[PDB]
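Contents: one structure, followed by commentary.
Computed from heavy atoms alone, side chains included, the values below leave out hydrogens, waters and symmetry copies. Residue numbers start from 1 in every chain, and the chains themselves are labelled A, B, ... in the order their sequence lines are given, proteins ahead of strands.
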2 protein chains.
Amino acid sequence: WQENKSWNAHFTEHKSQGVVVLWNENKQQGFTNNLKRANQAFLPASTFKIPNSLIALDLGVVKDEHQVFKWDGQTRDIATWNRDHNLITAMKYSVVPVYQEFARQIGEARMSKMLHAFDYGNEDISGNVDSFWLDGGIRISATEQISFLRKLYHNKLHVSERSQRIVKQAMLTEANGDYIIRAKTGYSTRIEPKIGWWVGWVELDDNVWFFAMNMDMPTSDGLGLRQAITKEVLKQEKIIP
Amino acid sequence: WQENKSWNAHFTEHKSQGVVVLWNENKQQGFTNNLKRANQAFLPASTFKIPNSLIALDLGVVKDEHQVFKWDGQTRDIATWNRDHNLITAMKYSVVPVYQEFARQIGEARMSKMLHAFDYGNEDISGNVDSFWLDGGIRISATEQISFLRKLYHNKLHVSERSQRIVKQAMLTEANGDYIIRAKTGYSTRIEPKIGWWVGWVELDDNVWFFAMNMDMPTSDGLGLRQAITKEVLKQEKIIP
Ligand SMILES: O=C(O)c1ccc(-c2cccc(C(=O)O)c2)cc1
Ligand SMILES: O=C(O)c1ccc(-c2cccc(C(=O)O)c2)cc1
Ligand SMILES: [Cl-]
Ligand code: NA
Ligand code: NA
């Protein structure tokens, strides 16, 4: 691990505070602008859709990435939620109601066992099994997110290789000739402090850069800064052009 | 199957000639600017890296997408070829020497049986074991490419699902919030007519558009037209913005 306080300039310029954590897989070396916040555990919010997907797929709650989960007919306040989804689009649009149904079908017993198997955060599912990642007891730090994502990247989580490959496909966010980003956003609003998450990794030709960022998110107006600030760090470090 | 000759304007504007074939998976509907050329069989060239990858993986010639195939030290005309590669980068940069090694390991007997099992093109491997897809007897039409790609997309090829998932991952070319393109370029230069290929599919939120295009390619200078003309068709059909 190494601290680079120059990345704070990317938070200060947008009048925000947070942490970006990078992990160079080839060098087995990590970097961050705030090592203490890098190890501070927060609610994972919708970044929990990564382990949730893995568990649901491995248990057969989700058959594959094509299975359609019908809209339940309740009109909610994000338009993308009021439609049918598969695993790919439910993750892409952070469709909480779809994943709440996953968690209910997983059940608390299997959810707790799998999170312990995953070594995921504090492994605590206090609260409702269908909302504990938004207002329950689960807590995870950016470094714990990287450690979890690293296992997922190497297919070393205690689930089938197939489940891990499907979830890594579902995490696909952006890709061109220069890089591939597999990642998941998070927005924790039910319990203070309100924060935004972005966790994942950048695949290059000859290396992988794991990243986990969170930042204070008092309003929804700064949600785009999760990707913007992370990308500025990635560009400064010559990871992406 | 419906013919739309208005797409010829995209070929004519670049003083080019070729065919684009689209398959709407949801509607089970096919479209092309030239029905006859859509069913004319050409050398697959480097689009054969899709079945070649699947066979190498299923036979254990390639263990996974991380296995490094070290540069043999011979400096070739393509700069990106003169380095170590894995399955991902070898597909991305169409590293023929890496796949010629795969084909030599597969051998004629297993290659022929697998292509027969794949129902791939004319299923004929006549010629050299490590170059038949560039100057041998194998031929495939644009519609036969789509028929093959649909099987791959649905994990219905005879090989393991894992092999098909690894290859679909390697086919990743481009992705954003609007669409995902999994595809493979090809350039057939050894036997006339010299043609460029681009085959794959466009993943949308609620549909998948399979595509297979080829076009006359007298020099490498116009290889960018493969993606450019295809995207103009995709834009015209309101598939990508
Ligand atoms: O009920 C909750 O707690 C909750 C509600 C909405 C979101 C959400 C919806 C769409 C995008 C995003 C984003 O992070 O961009 C977040 C997250 C959580
Ligand atoms: O020896 C042959 O026949 C051969 C040689 C090179 C290529 C090639 C190299 C890089 C990109 C592309 C492309 O299609 O963009 C093609 C293909 C075939
Ligand atoms: Cl992918
Ligand atoms: Na991956
Ligand atoms: Na090619």
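Proximity to chain B is absent for every atom of A/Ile181, based on heavy atoms less than 4.5 angstrom apart. Heavy atoms closer than 4.5 Å to chain A are found nowhere in B/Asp84, neither backbone nor side chain. Only the side chain of A/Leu172 comes within less than 4.5 Å of a heavy atom in chain B; its backbone stays farther off.
For residues 204-232 of chain A, the ring-ring contact (aromatic ring centres under 6.0 Å, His included) pairs, not counting sequence neighbours, are A/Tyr153-A/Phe210, A/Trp198-A/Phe211, A/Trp201-A/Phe210.
Contact detail for B/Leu134 and B/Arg190: the closest heavy-atom pair is O-CB, 3.5 Å.
Not less than 6.0 angstrom separates the ring centroid of B/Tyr99 from the ring centroid of B/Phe48.
When the candidates B/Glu203, B/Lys168, B/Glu161 are compared by the number of heavy-atom contacts under 4.5 Å with chain A, B/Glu161 comes out ahead. Ranked by non-hydrogen atom pairs under 4.5 Å with chain B, the options A/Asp206, A/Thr89, A/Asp205 are led by A/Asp205.
Heavy-atom neighbours of chain A within the stretch residues 230-241 of chain B, taken at a separation under 4.5 angstrom, are nonexistent.
Side-chain contact between A/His66 and A/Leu87: absent, with no pair of heavy atoms (C-beta onward) separated by less than 4.5 Å.
Ring geometry, A/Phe148 versus A/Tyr120: the interplanar angle exceeds 60°, so the pair is classed perpendicular (tilted spans 30 to 60°).
Donor-acceptor pairing under 3.5 Å is recorded for the side chains of B/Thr47 and B/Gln145. Side-chain contact annotation: A/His154 with A/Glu25, donor-acceptor N/O pair under 3.5 Å present. In this model, a donor atom of one side chain and an acceptor atom of the other lie less than 3.5 Å apart for A/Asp58 and A/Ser160.
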